[PDB]
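Each chain is listed here by its residues.
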Amino acid sequence: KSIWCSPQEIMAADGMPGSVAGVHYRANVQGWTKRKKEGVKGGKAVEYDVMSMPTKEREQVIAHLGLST
């Protein structure tokens, strides 16, 4: 029921341009839900909850998927 996506999918969104940190800049103003995972087979893994982002932001995520699914 919960939804969590890594910054790679988010920064790949045209609505959210800039590298991974560039996305953090926009998320600096709003209190985005963030979680520091112990790294997934890597190191320092970060995820965001799209269900907590404004509805307008939600359209941008679905729109990116609408380009393929």
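Residues numbered from 1 in each chain as written, not as in the entry; some residues may be left out. Heavy atoms only, no water.

Per the PDB record, the structure was determined using solution NMR.

A. Looking closely at the overall build of the protein chain. Check the secondary structure of the protein chain and you find three helices and two strands. Ordered by position from the N terminus, the helices and strands of the protein chain form the series α-α-β-β-α. The globule rule puts the C-alpha radius of gyration for 69 residues at 11 Å, and the 12 Å found for the protein chain is close to it. Principal axes of the C-alpha set define a box for the protein chain whose edges measure 30 × 30 × 25 Å. For the protein chain, with 69 residues in total, the buried portion stands at 20%. Here the contacts in the protein chain between residues at least 6 apart in sequence split such that 38% fall between residues at least 24 apart. Split by element, the accessible area of the protein chain, about 5300 Å² in all, is 57% carbon and sulfur. Computing the positive centroid from 10 side-chain charges and the negative centroid from 7, the protein chain places the two 5 Å apart. (Helix = DSSP H or I, 4+ residues; strand = E, 2+ residues; numbered from the N terminus. Rg over C-alpha atoms; globule rule 2.2 N^0.38 Å. Buried < 20%, exposed > 50% of the residue type's maximum accessible area, 1.4 Å probe, protein only. Contact = heavy atoms within 4.5 Å. Areas by Shrake-Rupley, 256 points an atom, 1.4 Å probe, with all protein chains shown as cover. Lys, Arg positive; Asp, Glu negative; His and termini not counted. Charge placed at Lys NZ, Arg CZ, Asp CG, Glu CD.)

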